[PDB]
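Student: fold the following and give me the result.
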Amino acid sequence: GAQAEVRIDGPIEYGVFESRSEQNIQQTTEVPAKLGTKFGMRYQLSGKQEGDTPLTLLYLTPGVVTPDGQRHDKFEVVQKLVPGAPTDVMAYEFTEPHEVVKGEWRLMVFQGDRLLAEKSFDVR
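Tutor: Numbers count the residues shown, from 1 in each chain. What follows is the structure:
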C-alpha cells in the first residue's frame, strides 16, 4: 500500500525462550550460561513493505572465540522484512560450548542507522 515508516508497535518481549505452539518468553535480563539456552527479543513492526531497507540485527558479545581461533565481539545478521509476518525475533542460542560466554550481551535491532529495539542481557 501507500509508503509507510517501519515502527515498533506495542511492547517488546524480552528474555529466555522456552521450548518443549509459539515459544513462551520468560521475561528477564538474567540468562543462564548453559548450553541450549535461547534468549533475546520478540516484537511487532507496523509499516513493513517489500522494498524497505532490511533489518540489521547487531549482537554485541563479551567475545566468542570460535574453534578456528577467531574472536567474534559482534555478530551482524541482515533480515529482509516480511510484511505478513506478525512478529519479528532477534535471538541468540548457546548451541556450542564456545558460545557460552559470561558477561554482557547487547542485542540491537536497527533499520539502517535507526535503532528500533535493544536489550542488554547478563549471562552468568
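Student: from residue 123, how far out is residue 41?
Tutor: 15 Å (C-beta to C-beta, to the nearest Å). (C-beta placed from N, C-alpha, C; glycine too.)
Student: cool, and residue 7?
Tutor: On the measure of C-beta to C-beta, residue 7 and residue 123 end up 30 Å apart.
Student: repeat that for residue 59.
Tutor: For residue 59, the distance to residue 123 - C-beta to C-beta - is 12 Å.
Student: which neighbours do the two share?
Tutor: Overlap between the contact sets of residue 59 and residue 123, as judged by C-beta atoms under 8 Å, 6 or more residues apart in numbering, is given by residue 105.
Student: all strands of this structure, in order?
Tutor: For the chain, the strands identified by DSSP state E occupy 7-8, 13-17, 25-27, 30-31, 38-43, 45-46, 55-65, 71-79, 88-93, 103-111, 114-123, in order along the chain.
Student: of those strands, which is nearest residue 1?
Tutor: In terms of C-beta to C-beta, the element of the strands of the chain nearest to residue 1 is strand 45-46, at 11.7 Å.
Student: what packs against that closest one?
Tutor: The elements that strand 45-46 packs onto, with contact taken as 3 or more C-beta pairs under 8 Å, 6 or more residues apart in numbering; DSSP states H and E, are strand 7-8.
Student: who touches the strand it packs on?
Tutor: Contacts with strand 7-8, where a contact means C-beta under 8 Å, 6+ apart, come from 43-47, 116-117.
Student: hang on, the earlier thing: ok, residue 7 and residue 123, which is more surrounded?
Tutor: Set side by side, residue 7 and residue 123 give different neighbour counts by other C-beta atoms under 10 Å, the larger being at residue 123 (21 against 13).
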